[PDB]
Amino acid sequence: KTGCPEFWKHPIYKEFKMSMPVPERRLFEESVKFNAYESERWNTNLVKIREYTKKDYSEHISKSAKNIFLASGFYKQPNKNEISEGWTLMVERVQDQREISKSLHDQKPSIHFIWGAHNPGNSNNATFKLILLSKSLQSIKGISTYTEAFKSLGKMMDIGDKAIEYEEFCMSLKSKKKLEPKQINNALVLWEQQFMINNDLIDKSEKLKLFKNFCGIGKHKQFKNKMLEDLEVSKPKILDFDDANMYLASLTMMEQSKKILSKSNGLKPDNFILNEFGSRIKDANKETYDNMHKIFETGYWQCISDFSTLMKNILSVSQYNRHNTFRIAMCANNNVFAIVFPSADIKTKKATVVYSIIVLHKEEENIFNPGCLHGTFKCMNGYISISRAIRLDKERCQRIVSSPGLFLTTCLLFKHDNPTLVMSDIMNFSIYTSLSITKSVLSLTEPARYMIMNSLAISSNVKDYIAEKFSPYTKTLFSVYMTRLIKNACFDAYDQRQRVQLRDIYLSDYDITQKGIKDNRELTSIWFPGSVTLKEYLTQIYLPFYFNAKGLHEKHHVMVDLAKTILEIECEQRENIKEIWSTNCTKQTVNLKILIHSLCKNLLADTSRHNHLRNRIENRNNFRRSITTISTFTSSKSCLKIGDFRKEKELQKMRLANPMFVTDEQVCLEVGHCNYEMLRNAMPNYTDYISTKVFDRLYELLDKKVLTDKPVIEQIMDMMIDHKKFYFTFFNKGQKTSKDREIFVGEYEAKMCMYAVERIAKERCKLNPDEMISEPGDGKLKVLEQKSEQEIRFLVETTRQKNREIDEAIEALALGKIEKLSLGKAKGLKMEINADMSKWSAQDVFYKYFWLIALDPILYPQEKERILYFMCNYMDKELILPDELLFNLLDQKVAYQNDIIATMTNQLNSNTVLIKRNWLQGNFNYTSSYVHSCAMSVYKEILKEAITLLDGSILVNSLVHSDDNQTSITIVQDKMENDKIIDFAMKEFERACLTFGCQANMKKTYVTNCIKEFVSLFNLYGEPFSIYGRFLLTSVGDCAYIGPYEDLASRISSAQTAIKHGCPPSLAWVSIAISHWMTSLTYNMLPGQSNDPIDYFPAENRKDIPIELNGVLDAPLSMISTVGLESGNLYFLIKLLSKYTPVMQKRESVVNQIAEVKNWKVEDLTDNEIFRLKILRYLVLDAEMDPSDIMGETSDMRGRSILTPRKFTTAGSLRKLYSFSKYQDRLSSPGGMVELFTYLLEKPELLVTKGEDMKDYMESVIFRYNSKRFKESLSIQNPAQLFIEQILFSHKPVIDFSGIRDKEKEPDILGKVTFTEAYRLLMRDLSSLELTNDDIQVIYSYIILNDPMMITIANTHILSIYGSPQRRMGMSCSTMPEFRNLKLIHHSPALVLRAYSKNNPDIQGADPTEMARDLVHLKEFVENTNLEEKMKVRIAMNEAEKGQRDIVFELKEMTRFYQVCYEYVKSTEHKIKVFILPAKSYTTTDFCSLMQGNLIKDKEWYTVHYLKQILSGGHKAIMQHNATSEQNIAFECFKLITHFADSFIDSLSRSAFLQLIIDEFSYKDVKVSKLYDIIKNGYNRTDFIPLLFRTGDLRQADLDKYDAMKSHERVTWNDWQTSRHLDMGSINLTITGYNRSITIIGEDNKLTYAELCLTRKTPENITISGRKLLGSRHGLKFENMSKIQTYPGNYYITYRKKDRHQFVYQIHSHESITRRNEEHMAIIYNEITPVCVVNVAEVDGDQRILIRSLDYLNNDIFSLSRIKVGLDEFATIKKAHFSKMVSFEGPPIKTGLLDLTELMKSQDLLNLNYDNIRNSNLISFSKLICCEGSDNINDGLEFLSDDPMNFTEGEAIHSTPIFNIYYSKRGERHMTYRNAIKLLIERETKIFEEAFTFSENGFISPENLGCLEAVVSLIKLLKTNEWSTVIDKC
RNA sequence: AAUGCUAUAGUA
RNA sequence: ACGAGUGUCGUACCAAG
RNA sequence: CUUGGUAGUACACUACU
Ligand SMILES: *O[C@H]1[C@@H](O)[C@H](n2cnc3c(=O)[nH]c(N)nc32)O[C@@H]1COP(=O)(O)OP(=O)(O)OP(=O)(O)OC[C@H]1O[C@@H](n2c[n+](C)c3c(=O)[nH]c(N)nc32)[C@H](O)[C@@H]1O
Ligand SMILES: [Mg+2]
Ligand SMILES: [Zn+2]
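Just so it is clear: in the first sequence, position 426 is 433 by our numbering, and no numbers are missing.
Below is the structure:
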């Protein structure tokens, strides 16, 4: 109701006003106070300002466009010289910044491990290996620094000959601190392979030098005795990458590694991956299986597996190391050992592990040495070599542990489908990259993407990027090798750009069959020798960025780096940036007039698009609803609190360690690390802050009554003026890039205001086509493809139009004439700009958002005032430096020279820095996107004006994201060379970006002819493309470590996403197998391990155990990609159907097969199936095993996992929360919890929700603290600690198994059962439950029939017939055709149960009369599953046995009810996003067919034929059925049947066929006769006049309306045009009106003549008749540049030009045309071009249709969809696509040998191209053959049509991307369907006869007859597999 | 081909 | 030694002789 | 240096999809 008058007095607003010119100030002040309603019109203020600024906008546009002539095509083109100069500058800069070392002894280990081949002779017993190690160590020869220490250690761990004593002592210790060592001869044993130091066997000097220098244990000065000294200032030291000697050494090291590791192990390769998924991998691809087996046979795999296993052992043995005890770790290899030197307990804070590898090799030079060796020593038998000491943390140890999966994935990705790549090189590169855990390779993997991409681009500034940004960090030799590889790739990229060639594009005006880049291995590989395709080249470029490990950054240094960056930007802005508005494109300035004009135009368009925008914003963002309902306001994310939190931080004397802050007393005190107390006391102006969860902060605000129960938008508005100071902290994202980014965190107050403003911006941004932030996920990939397709079109027809007459003259010519005519023609140009913006938020002008807010017409003046006040306050926000950063800074003792942090903090006087110009990253995404889209619109306008100056053609599409820009530009012109156009476009892109306060990152921006690069997505030439390998790498890489099932679920979801992006089937199976193997390793579940569940369940192998119970996945790959994580149960049920169902019903529909599940006997079921069905029924449907103690869990926290291990619980984090104290004190109350429990029992709505009101939300959040799942969710848990806990404590109880329904020094993650006794408990409880036929009926009824999607997928697996292979030429994106017909529940499961709890379907946020259907479905589930009756019985029996009601038990039961209801409703929700398929689907049948075809064989994709109506939506068809629904269904049915009848059937037999269809067929599960009755009774009978004539002869009423609706001008098309946009078909057109009728006859680009049968001959009626006739929706563009020579007299059609391409068509005389054109010749020249000639005659107005006449006129023709309604007028039926023809159902139609029902069911033979059928395969034609005793094939083909068909024609498009287009033409007489079938039969039968001969004599030879008899018998005996039928048929 | 107001692991 | 770094860090901590 | 005691995650992790 009230504004904020204090806004006009804000200093920020005053500066903004003074910066502006005087009239603009008045305009802004008027716009702020302008209101929509009280004004006469809503679009009056925007119009005023737009008119005011139009002059300046137009002058700027014209001046920018005029630069086209001043552009000389010397654009920034990369070449060899640019790369060389940039490399020299980079070398100089790197030398200046970092110290360069030329000595090889300065290298860091490339891989922190050394390996040698195993010894077959020596056994694998631990004691024998230990004795051998001791003897080898004691036998070292020679002299060195540490040889004495190593000999002494060998003496210490030597056990002599008392092997039996050692074994029995170790067993005794393992049978069960201050462990006492027994003197085993010379050893001092405390445990298995652990030895205490022996001062008697070693010199003290040797021990000190080993533990101080070699290992670094205690070598430092403890940071207290290190005062003002030993602090060495030095630059980072790296090797010389460009040095010839260093590169030679690196190459030698790589060669040695290749030489040794290539040798085979010499053993049979067997492992989990093989034994589980080998068959599936081999079926998907044999080459992938061969490559994987060869990998398993090599020494690389054994090396990496040994390293992983040894590291897993090292981490396990490091828990209880003493100060003077060193342990020994072993592995599978009997020659590789590690010594774990004493260190801290590794599960503590930032604890590291110290180890040194020992390798025993018979010969020297037999040791894989990746720069980690310390020395090889000769000893007894062979040599012994020991590596340098290695210290690593937990995250690096994790990566090293999860190495083999990454190695295998990388090797299989690089090698896949490439025979010219040597596998050893790939495996060498992969083993060196995957084992990298250092920043060196991480500093090269990311920049290489940009370097090679900009080198390959048409134009780029790669020289600058190399000179300034590229900075290799070469501390290892492999880093030098990779740097040389990158340099060579950058050199080669330019030379091989021309080696990319486009594929032959196929056009149909509705779809593009073929597109993309040609598949020729011409490009040179990057990381290793060989040749690669463009897709493989891009994969090699982009994949290595995902090799990087996450969390390799160290907090001590990265926090300082981020603070330095932010403060440097801030100080540069403070000291150099003063002006705001600039017209010279100054940096960090905005042009005012242009910005205002563009904003006004875009706002006008957006508001004009939708009338109701304010409401759209209010409703979609819960503006009118309470704050508790909004999700982001109730999340568990972090939030900032500013106040007095001294006590909390203090809970967790010494000197401050900083000379500046030391007082007199502080001098005489010990130095110590800064904590909160010393920081607070010393630092005068320190603001105190803490971080608490968002929901906890909201609860605290509700307690203090800051926020009430008023609608959120009202609450946000009052706080915009109630909050005046903003504080923001920051932390490090921990990303995997070279430089980590900073993440800004703000308080709850700022959060809500930013939420409101950005929702306002977002709802407007969703109304524009440019911004891609609005779409979710891979929706962008679909858009990119659509834009590419439309540009490709526009280019094709524009180039054809501009050069059609030139090409015609060239054809008529056929040397010198060809040259000049080719010179004088338009040139097609396609340019793609892949642009990024540098420092999108840091160096961004924030004053344009003021104008954006002020010009918004959907806001009241008070709202504008409050939002502007909020923005002004935001400009005064202060960044709070984190306490850890202050601790680092205050612990220096040496003053940094250019200390920017101290400079900006008043010498660390305060921890707040006033950040003004920088709006923090991630806060203003949508406003920035809108402004960037406005800038792109300005750029588009400039480009259009410039192209108009050249009189060319333009098409600009600018994809917009937050800071990622994709601008694609298509130009057709003939005035100047293309290079000048490219230079002009790039310069104006710079100018347009600068005019709006942005700047394009040319240092990372590049331009290509074909490649589209939007955000992480590719579109080569309209073919969607993506690097799917990143999903596999991420799945194999970072893990949550939360639990065995959810880990596997995340891995399988990543595999599913990769499949969606085009992963070949074999690599997906490899990824799934690797995921299962890694999950088994993490929890010790391999065959024979501790937690192997195969012996605890009635299952033959792991394939028969559900994933939830730690089984392996068994499902078809196409089925997994469709749903995922429910495929196991679905496949199990499908297998049960395939087995038990009777033979009669097996190839029936899945519903029909389920219909006889009652006939099944429950007794004759195997144990495994009974167990799995009990699992399904009870656990999935009516949960009886609680996965945890479900005490405070809402109806949201149930997954599918049954055995969920407990996780960490952090006492400190909970004690931080303000609501946790309330929960504890309420729990401390004598009976407080019971009152809350019974209050919830009285209000069960709070279980599903979290409390719509204030008080109920308070109670719900208090109650949720009892769950111990929500408690452990708020806890701090890191993958590293969880991984080390899993690998350390495997026997600890971690699982809480309460059972069916219900029934000191404790660790943090203690549980109830030990993960193994849980199997026994689960099986025991399952034995109690019983199974009946009703239970099975419920399981099939719900998991399958409830969802149409499940019925459909099971239908796909039952009715599938695999067909002919064919190449993957053009890929396309199709999401899910007719989704709504497959969705059971409309709304989200949260809303459905929300409307179920409150017994009212009218809940806010949902749709009434749609909640009705959903609640009906839900209620149905509860009723048929007895979900309520069983709960009531249980409650009654519990109360009876107890004798009094139990609130807790009732709460548990009710929570379980809502929880299983939520799980059931969520199970019916499927989120299937965009897919990449070898074609684009038209129906669900086509989509499923494409999926199955693409997801079987990697090399080729097949075509599948669902035998019996796969969709089978019997219940769904009843749902969503309406009057118009049936009427639309009938229209499509009859269009399809008529067009099929006259397109494929012989004309003389078309009537009987139509009658047979209309009598005994059905469409969409609807009888056809009913549809015909609908057609006859419908009003629009005229649309099917030919059909009504051919059948039933219904007339006189349709005909009268047909000659009657000519009241408005009606247009008919006597013959359809073969190409509508390319202008290439026979055209016959007729337009009829009042006493007027014109008929147009022409072919392709030439119009022959036009007959005008006008009523009167006067030359005045002719013009009015012409304009009236040609002004109708004829659809003939009249763009036929076939201008006709003019003859005196007569009349010509001509088309004048009207702007916006609204050409006006008129009829004119010769003399009039000539006179007007000569008059207009006087000094844009618009000339009327006469096209076609007009014949004028006088005719009467008599009616032209009589029912009797039709039979005579139509006697000659026999066409069902077309009849001659007049002599030259044809009545026609609208066409429809033939993809819908599958929905037809009926008995086979027997036309001799041919069966027409299977023909019309066939999709490959329904094509209208003679060539596509003449060149088909027998397999496609086989399904048609139905012999019935026939021998002659010709008898059958007589029924096929003999009308001429289309044949493809090839043309060359003249454009800078050279490509050829292939389209259809009319053809000839001999090109008929029957001729094509005859040729196909002859060719394919000959080929089949020669293919299956395998006999000396021939095909019909008796021996071959017997062989074919054996083949058909094999099938007549073996069960019908996927491909048996086609062999028999052919 | 399509057309109903609520259409509801990743990116910087 | 190793990790990190053109920011001083980690390189276990405390008590006693 | 020698003999004893201690240590569960760098207690931190956002804004939009
Ligand atoms: O499913 C769509 C379309 O994809 C599919 N289809 C097109 N071509 C097909 C084919 O060759 N074989 C099969 N099996 N399916 C084919 O059928 C549906 C489109 O049918 P169609 O009837 O061709 O679509 P129209 O746009 O022509 O529909 P209509 O409502 O008649 O459009 C009127 C609108 O377009 C002008 N018009 C009509 N016709 C026939 C032409 C023409 O031949 N050339 C030009 N230049 N314009 C035409 C009407 O005058 C008006 O402007
Ligand atoms: Mg980009
Ligand atoms: Zn036969």
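Heads up, the beta-carbon is just placed ideally off N, CA and C, and yes, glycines get one too.
Local Cβ density within 10 Å of residue i, reported as buried at 16 or more and exposed below that
{"i": "residue 539", "result": "buried"}
{"i": "residue 1149", "result": "exposed"}
{"i": "residue 505", "result": "exposed"}
{"i": "residue 1415", "result": "exposed"}
{"i": "residue 140", "result": "buried"}
{"i": "residue 586", "result": "exposed"}
{"i": "residue 1730", "result": "exposed"}
Bridge partner(s) assigned by DSSP for residue i
{"i": "residue 696", "result": "649"}
{"i": "residue 198", "result": "201"}
{"i": "residue 1738", "result": "1700"}
{"i": "residue 1104", "result": "According to DSSP, residue 1104 bridges with nothing at all."}
{"i": "residue 1538", "result": "Answer by DSSP bridge pairing: none, since residue 1538 is not bridged."}
Residue range of the unbroken alpha helix (DSSP H) whose run includes residue i
{"i": "residue 566", "result": "562-583"}
{"i": "residue 1671", "result": "1668-1677"}
Host beta strand (DSSP E) of residue i (start-end)
{"i": "residue 1832", "result": "That residue, residue 1832, is in no beta strand (DSSP E); it is neither H nor E in DSSP."}
{"i": "residue 535", "result": "Here residue 535 belongs to no beta strand (DSSP E), and DSSP marks it neither H nor E."}
{"i": "residue 192", "result": "Taken as a continuous stretch (DSSP letters only), residue 192 belongs to no beta strand (DSSP E), as it is neither H nor E."}
{"i": "residue 1856", "result": "1854-1860"}
DSSP three-state assignment for residue i, whether helix, strand or coil
{"i": "residue 834", "result": "strand"}
{"i": "residue 1320", "result": "strand"}
{"i": "residue 287", "result": "helix"}
Heavy atom of ligand 2 within 7 Å of residue i beta-carbon
{"i": "residue 842", "result": "yes"}
{"i": "residue 1006", "result": "no"}
{"i": "residue 1021", "result": "yes"}
Contact test: residue i Cβ vs ligand 3 heavy atom, cutoff 7 Å
{"i": "residue 1834", "result": "yes"}
heavy atom of ligand 1 below 7 Å from residue i C-beta
{"i": "residue 807", "result": "no"}
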